[PDB]
Amino acid sequence: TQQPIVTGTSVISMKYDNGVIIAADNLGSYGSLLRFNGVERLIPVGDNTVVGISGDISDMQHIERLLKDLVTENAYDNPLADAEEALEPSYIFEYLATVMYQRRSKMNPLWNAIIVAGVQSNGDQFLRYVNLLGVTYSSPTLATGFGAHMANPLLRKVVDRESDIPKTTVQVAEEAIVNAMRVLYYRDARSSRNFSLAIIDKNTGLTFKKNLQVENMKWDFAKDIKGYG
Amino acid sequence: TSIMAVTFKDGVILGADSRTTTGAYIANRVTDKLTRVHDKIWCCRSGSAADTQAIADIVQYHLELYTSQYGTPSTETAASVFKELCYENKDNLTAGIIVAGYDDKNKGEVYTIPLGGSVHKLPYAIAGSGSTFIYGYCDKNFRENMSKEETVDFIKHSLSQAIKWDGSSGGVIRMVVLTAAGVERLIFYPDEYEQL
Amino acid sequence: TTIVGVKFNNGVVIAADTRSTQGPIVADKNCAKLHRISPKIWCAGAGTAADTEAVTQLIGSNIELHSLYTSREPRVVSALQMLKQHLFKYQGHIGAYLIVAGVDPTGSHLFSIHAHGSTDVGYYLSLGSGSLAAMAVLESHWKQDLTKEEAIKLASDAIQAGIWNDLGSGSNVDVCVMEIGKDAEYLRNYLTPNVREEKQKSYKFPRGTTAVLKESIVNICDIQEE
Amino acid sequence: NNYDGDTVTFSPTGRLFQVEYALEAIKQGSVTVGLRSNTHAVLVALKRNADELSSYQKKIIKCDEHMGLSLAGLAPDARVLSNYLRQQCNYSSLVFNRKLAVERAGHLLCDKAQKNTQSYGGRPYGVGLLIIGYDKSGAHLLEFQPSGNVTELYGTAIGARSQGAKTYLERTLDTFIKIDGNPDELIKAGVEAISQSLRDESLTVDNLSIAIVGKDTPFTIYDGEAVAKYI
Amino acid sequence: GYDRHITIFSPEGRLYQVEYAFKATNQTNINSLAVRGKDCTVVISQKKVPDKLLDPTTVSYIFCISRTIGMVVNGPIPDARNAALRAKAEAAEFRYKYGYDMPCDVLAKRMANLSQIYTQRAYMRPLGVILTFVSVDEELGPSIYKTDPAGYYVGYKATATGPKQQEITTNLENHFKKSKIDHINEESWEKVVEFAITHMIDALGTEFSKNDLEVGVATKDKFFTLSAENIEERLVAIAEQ
Amino acid sequence: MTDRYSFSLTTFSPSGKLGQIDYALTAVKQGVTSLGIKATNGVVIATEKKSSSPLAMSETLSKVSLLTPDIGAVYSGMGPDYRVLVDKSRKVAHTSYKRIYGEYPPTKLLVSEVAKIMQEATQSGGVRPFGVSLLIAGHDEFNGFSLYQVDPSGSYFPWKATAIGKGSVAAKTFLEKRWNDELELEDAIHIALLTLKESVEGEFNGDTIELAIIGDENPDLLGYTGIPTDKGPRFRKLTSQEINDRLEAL
Amino acid sequence: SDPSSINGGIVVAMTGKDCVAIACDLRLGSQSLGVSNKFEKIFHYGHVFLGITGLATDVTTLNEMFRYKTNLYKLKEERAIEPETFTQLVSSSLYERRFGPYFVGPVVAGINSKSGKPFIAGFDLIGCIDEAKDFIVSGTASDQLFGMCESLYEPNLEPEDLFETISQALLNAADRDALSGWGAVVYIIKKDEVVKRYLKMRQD
Amino acid sequence: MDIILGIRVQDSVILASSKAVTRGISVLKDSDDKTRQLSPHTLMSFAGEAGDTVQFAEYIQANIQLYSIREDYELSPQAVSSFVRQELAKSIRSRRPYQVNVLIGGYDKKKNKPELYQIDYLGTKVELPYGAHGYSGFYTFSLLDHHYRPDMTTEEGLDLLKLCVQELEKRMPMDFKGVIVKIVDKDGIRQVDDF
Amino acid sequence: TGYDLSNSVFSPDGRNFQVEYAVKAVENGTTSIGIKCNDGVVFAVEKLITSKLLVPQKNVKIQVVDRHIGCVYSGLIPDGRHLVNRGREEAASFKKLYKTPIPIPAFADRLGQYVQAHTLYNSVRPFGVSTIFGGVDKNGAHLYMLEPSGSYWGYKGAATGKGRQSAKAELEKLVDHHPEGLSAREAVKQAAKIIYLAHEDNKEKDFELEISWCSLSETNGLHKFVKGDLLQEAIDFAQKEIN
Ligand SMILES: [Cl-]
Ligand SMILES: [Mg+2]
Ligand SMILES: [Mg+2]
Ligand SMILES: [Mg+2]
Ligand SMILES: [Mg+2]
């Protein structure tokens, strides 16, 4: 049993016709102090998987080292390490889910909420969640923390059920994700303007975008607001 | 406690106050909080004095044994050893450590390890109870690639303000300069920094 | 308890009061708080009295074995390192707060150590319930380059401040002087400013005052021959 | 001679006699054949009875839905090693949601056998194994020796008189590797291969044991009247 | 005759496995020498690189145990590196526990005690090495302490080890009989190294190039090894007088 | 790995002999001579510093060792075995006595502890016996001055005077003629030097002889003043000069 | 609830001219309930006397433990243990249970058989030694005993005068404590004679 | 368990123990025998926590019976009581202590004397002319302090015991359903079947 | 005699005969080599084709440790795998505590101490392999060779197995004719030639060539297997030189 010290906020994600998108901001909070401003919370594994992590940053850095070791280990005595026997998103998730549930069962959890986003060998989209309790679930859209309450409602308007996925392009999906990040910046006190975004597509592969900013913000209407009654 | 480390053109400088308190009593007014774990790898300690002394002694041992086998360790390696002790024993430790060092290949580097045992590489770092009062000042006044004299002034002015507002900080301002030229100790007394 | 340590020209001096208490009651009026770790390394203890004695004797024992193993006279930094690592491991549950002082081939040394395992360096230190009274005197009269005579005077004055002003401290002043290139001189009851005045009355009873039911000889001797 | 008392002793020419004696136990065992195409992999095994009242000792063990082996030598040692393979296949599925690659299974068996050849008190395993499987890189066949040596092959045979079947497969190499999408013809080739190792006895209905795994075929073992079609 | 295979007493009260470990000590066919100056301690050792395919920079029998302590080994390299790793670990642990640098004589005693255990416990074999530890001790000054497979150790004014140790030993003995002092009366370590090389040349009757020698020097607060070019400068000075 | 020698390496032979112990005693017989003499007001122990090389500094090799402030030890046999036994003896004096009773053990009981360690190396699994015989001299309040011999088997005996190692048979005869119950410490030292000269071939002086006494308390060697009851160690190693002074009155 | 005051009782020791005295009450109780008036708290191992107050199960256990240890001491040392040495043994034995201690207040009294010097000592439950020249007190009426001893005691009292002093110290202290009394014993100890006297006192 | 009383007279020891077993709301039994014979001339009664009482008593019984067989000899009451005290003194610093209080009544055949020992769950032992555990002594000791004589007969002891039980039945709030009474003397152990 | 019946026993010579017998198993194995080039290392091994039934390119012999170290060995193949497994554990623990990937000299001693430990007791058998290994670290390229005794040194070129004498002679020519150094691509070509030339000691059966390399410029300091066109080019160069 512990308490989280340095923490990261929401991770948000969704499926579209040819793949998946995932995003998270670059802040490391120390309670209400916005202490660290250059923290990368999306960690790519190969060219087919991106793992997005919220919660305790010390535990995130540990998980990052576990994934790095997983890639090293998979390559051992494996001639097809960059082909048929490469790490799949499904393999990476199941491993993390096993670790998370084992750690909660020893009453010593990794204080995180994790979303694994990727594309499988057969082109199928992969998107699944796991947290400090070992709880897992899948959905056309997934989000952690504040994102669950504010991003999901917006992302579900684009893809409401499974049959909406083939009708959703990458342009429409990215647009929806970027808007959700703006909404979170307006309303989450532990969020930042700077964020990272990753697209995993079955045709164009992994596109990793750093140093993105929330833009097109509405503040002008504040000038007319006076007093409290 | 008020501690900081700042990278500059020729390397890195560590800074600290000298006050150690038991409640409101000053148990030591001339404490040395800048501790050597290797020739040109030092650290600033905050939190439990017992914990940070224990950790620093273990790190000094680890780096002494590393040096005998593999030669001079990098600052990153020293930070990693600090992290391993802080992360794995997070339930039983209260330690906030800043690691600073000079390589010839990497030059001046600063790593901060907060309570949870995470690591963060930064151009400069501030920690301790007094640091809260100088987040604004340090963010506005820090520049990359400053001179030795400019960096001494930046730290002197920063810790002066931390001491002024934080009751748990005070005494003399100690500094350790890490460059290719060697290791230099500096000390600044109240009559100097209080009039800044 | 009041304990102090003071560095001087060619060595270091340590001093203590002689009162030990259980709550508000004085258990012993002439307690010995200056303990020997080794011939020229001495320490004074505050806190849990059994812990201060036990940790002193354990490290003192191991220091003696270390000295014999290495064919070298014991060092103060060794006593310090062994004390702090023992205390840290027990996470403050061994309630020993010590001032450690001594001379060795490296020179003269003065350290403090707290129950959780933290240590500190200084030219003048004080510990115990009378430490604030003692430190007030030390902060008023300490200077660089004190002589032996000046340091003994300063140390005993600091203990006196504890004796008169702290209820936890009292009775006599004990002093130990450790000078470089000399035998450490332990000065038991260096000052005696608290002798009890003669009582108004003798309370010796007439013989036969106490009522007795039975008398018998107690056999303390072993089983006898023949 | 003076160097065969335990597995912890090299001979003056650098040989390990206890390991060589363990290898000898395989040669006394009954013949078993392995071969594969690009779609399927087949095991054929001649089972041995004690007498006419007794059953015929089983030779083929299933390790997972996609993997299994045949044995020759000490049967209890095959049970220990196949149990270990079952556990490792299982660990891979439970922890990584991943079917264990046949090549990695061979590496694990090698390392387990090696530890018994370098330490005092223990003994080498006294059994040889032919592992077939279908994974993400297609059909596979492996040969295991208790020396620790594991080898990937198109076809092979181990046990008594296995040299006859091995030569036949070496001739037929170009034909049986091309038998894709036809399980019956691949088994026919395996039954014809194991026939080159028979003397005095022939393949009967309780004598023959066949196993197959492939593209859309879970590892299944055929015994009894299920192999009469191939007799 | 299993009293010859393990470390138990023979009928003569001898330990044959220990005696045979002393013989393994000369398997490398290398000679080493150590001497003391006023402010320093010097150790030199022969360097032989018999294969052209070898990287000569990796061929070494001198070890930097701690900042202050150096160690030269006579014996096979596997056992040498075994002893080197253990000595490094012991020196580091000592500093951590007792708060000061492990003295040269104390490390020698510790490694000698470990060796004694291998002569008494059957499951462990002796290491086929002789270890010469050097430093400038903060209490005792320039120091040479040498350990062997029997678990014996002692301090030396100077010492020699290897197949031709006797020739070097007698040469050193004769010099100290003349001077009547326990050290080389010289200010600089450079000249103490020159003395050491000169007297090894005299004793062995062989000339040395820069690649034929290996040199370690202990001064106050550091032990270091010389490069081939540093040794060359030493050889030039010897030849010029 | 693991120590797989869990069985005894010393066993009874058909004749009832414990071979390894006998062979250990043979190793002691080859060792350099050491002796001990008890006087009315002290005990003396002595041996030869047989230097292996003249380049070796024989002062760095201590054959006579302080075990406690009032107890000293010398040996004959295998030097390394002696060194580790001195380490174990010094520690056991603390762990099994001083940390319990707050005082150093009496001579006879420390001897008993050393003897136990040597006995166990004669029965425990996978070890050989120690190849040394020890002579332990000491003083304690209630037993006075005493001298003990400890052998590889773990057996120990008290002596008025004795010798072990190389020339022990001749030395013991020499001691029988000279010893009486009225000897003063200086007389015992004189007899020790006379006895030791017979077994020494080469140089015989303060630099080649190691000699120590258990005698009066030495307050000058205590290292501190102020505690009346603490009066200093009774063990004292004689200097090279002190030995040479008594070699002129020889 | 407090283990050191469940059973009740007191011990006091004093020094005189060439003599020592040690005394105790006889009560054992279960809080308010008086259970026994014959529970003696002073034991002896040779010529060394040990009084123990506190939790009665630990009093009995420690007596058995020190009888055990002093018997082995005598067999090995071939002599009776002295007061100074036994004091260190009590201290060592108590500290070895530092974090699960015996809830007791031991008191040692005796004369060194070689020097003839009178000796007394006291301990807290975990082993800290109090070696007073004058007197040592222990138990549920230790405050009362401190008051009595401080006023009644004078140095160099003859054996028969010391008896009166220590008796009056115990009796009057016990009569101001609910959990002490129900009888009392006084030991007068000289170099080679020890007298034991049971005192008459109120039984409430 | 509740009331356990003991009295040592001239030539015997008498133990009286209540018959009720109550589990919270209901009295489950009214004929429970809270005693175990440890040896032919030694009886132990017990009271404390449910389960632990019988477990401890049977454990002690097994151990004394083992000693009796091994040595072909009956331990003295003093020796048995010391063994029991040590077991409880050991138990009080265990992970989960035995919460059991006992009385040991024995006739010493060597000394020809009855003996009564009272031991609580801490390992507090006393030898007494009469004893009890719990609240039993609070009601009965004033009667025993008045009437008890060391030269009493067994019949006089039983009569004094009846007076004690009558006072308990009057002033105690709990119904303990009477007592089973057992006598320990030179001839062994017997139960008084009408009380 | 009897000194050779038990590991860790010194003979009257001061020799460990069991270790010398392990060397015989190494000398019985196939030929493996290592070449240190300008900014890296190349490893190559001879794989004997015992039968047509062996699947080409499948039974891989060279092994990677971490991502920057290559290992090849001759002798008992299982023993080599056991040593590489330990090496992988040593590399993982080093990187765990110190962050940086294990330096090659550091890694060399880890293998060395482990192999040496198997010469200390009679309850274990010495390793029946000689291992050639190396890679690129912060101080550049390093090539090592480790023997059953635990003995290891750094090398410019290394060879072991049945055709080691032939290979060594070829390596010595390259050292003499190129004091300035050899390129990584040249070293691959030369490695192919040397294995083909060393195959004369194993001429009865035909073989399969297997090459790997770590180079700062060619592989970014990572260990990779030589495949496809680059492998065929090296095979052609080798076949041209033997004719
Ligand atoms: Cl040791
Ligand atoms: Mg302030
Ligand atoms: Mg051995
Ligand atoms: Mg009362
Ligand atoms: Mg009353």
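Chains as they are written, first to last, in UniProt numbering: chain B, 34 to 262; chain X, 20 to 215; chain A, 30 to 255; chain L, 4 to 234; chain C, 11 to 251; chain R, 1 to 250; chain F, 2 to 205; chain Z, 1 to 195; chain D, 6 to 248. C-beta atoms are modelled at their ideal positions from N, C-alpha and C, and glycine is treated no differently.
1. Taking DSSP as the reference, what is the three-state secondary structure of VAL83/C?
2. Evaluate contact between the region 5 to 25 of chain L and the region 16 to 31 of chain Z, counting only Cβ atoms and requiring at least three cross-stretch pairs below 8 Å.
3. With DSSP collapsed to three states, give me the class of residue 235/X.
4. What does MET111/A pair with, by DSSP beta-bridge criteria?
5. In the DSSP assignment, what residue or residues form a beta bridge with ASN47/X?
6. Return yes when at least one heavy atom of ligand 5 lies under 7 Å from the C-beta of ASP176/F, else no.
7. Round the Cβ separation of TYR128/B and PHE99/L to the nearest angstrom and send it over; I've been treating them as touching at under 8 Å.
8. Measure the CB-CB distance between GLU29/C and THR26/R and report whether it falls below 8 Å.
9. Pair every Cβ in the region 34 to 43 of chain A with every Cβ in the region 66 to 73 of chain X, then say whether three or more of these pairs are closer than 8 Å.
10. Give a yes or no on whether 8 Å exceeds the smallest Cβ distance from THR50/A to chain F.
11. At what residues does the alpha helix (DSSP H) containing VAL247/B begin and finish?
12. In the DSSP assignment, what are the bridge partners of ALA39/R?
13. Give a yes or no on whether 8 Å exceeds the smallest Cβ distance from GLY79/R to chain F.
14. Quick one: which chain Z residues come within Cβ less than 9 Å of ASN72/F?
15. Are the C-beta of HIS95/A and some C-beta of chain C separated by less than 8 Å?
16. Can you tell me the Cα-Cα spacing of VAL129/A and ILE66/A, whole angstroms?
17. In chain A, which residues lie with their C-beta within 9 Å of the C-beta of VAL116/C?
18. With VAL13/Z and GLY131/Z assumed to form a contact (beta carbons below 8 Å), what rounded beta-carbon distance in angstroms separates them?
19. Could you pull out every unbroken beta strand (DSSP E) segment of at least 3 residues lying fully inside the region 129 to 184 of chain R, listed in chain order?
20. Name, in chain order, the residues that DSSP records as bridge partners for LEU133/L.
21. Excluding sequence positions up to five away, which residues of its chain have a Cβ less than 6 Å from the Cβ of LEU116/D?
22. Which residues in chain R sit within 7 Å of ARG80/F, going by Cβ to Cβ distance?
23. Relative to ligand 2, is the shortest distance from any of its heavy atoms to the C-beta of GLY147/X smaller than 7 Å?
For this structure:
1. Strand at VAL83/C.
2. Touching, no.
3. Past the edges of chain X, shown from 20 to 215, lies residue 235/X, and the structure says nothing about it.
4. None, per the DSSP bridge assignment.
5. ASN47/X is bridged to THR39/X.
6. no
7. Their Cβ separation, rounded to whole angstroms, is 6 Å, which keeps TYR128/B and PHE99/L in contact under 8 Å.
8. no
9. no
10. no
11. Careful: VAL247/B lies outside any alpha helix (DSSP H) and carries neither H nor E.
12. Bridge partners of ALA39/R according to DSSP: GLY42/R.
13. The beta carbon of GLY79/R does not come within 8 Å of any beta carbon belonging to chain F, so the residue lies off that interface.
14. Going along chain Z, no residue has its Cβ under 9 Å from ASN72/F, so there is no contact; the nearest lies around 16 Å.
15. yes
16. 9 Å
17. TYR98, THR99, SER100, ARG101
18. Not a contact, Cβ separation roughly 10 Å.
19. 132 to 140, 144 to 150, 156 to 158, 161 to 164
20. DSSP lists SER73/L, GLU146/L as partners of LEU133/L.
21. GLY92, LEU151
22. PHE142
23. no
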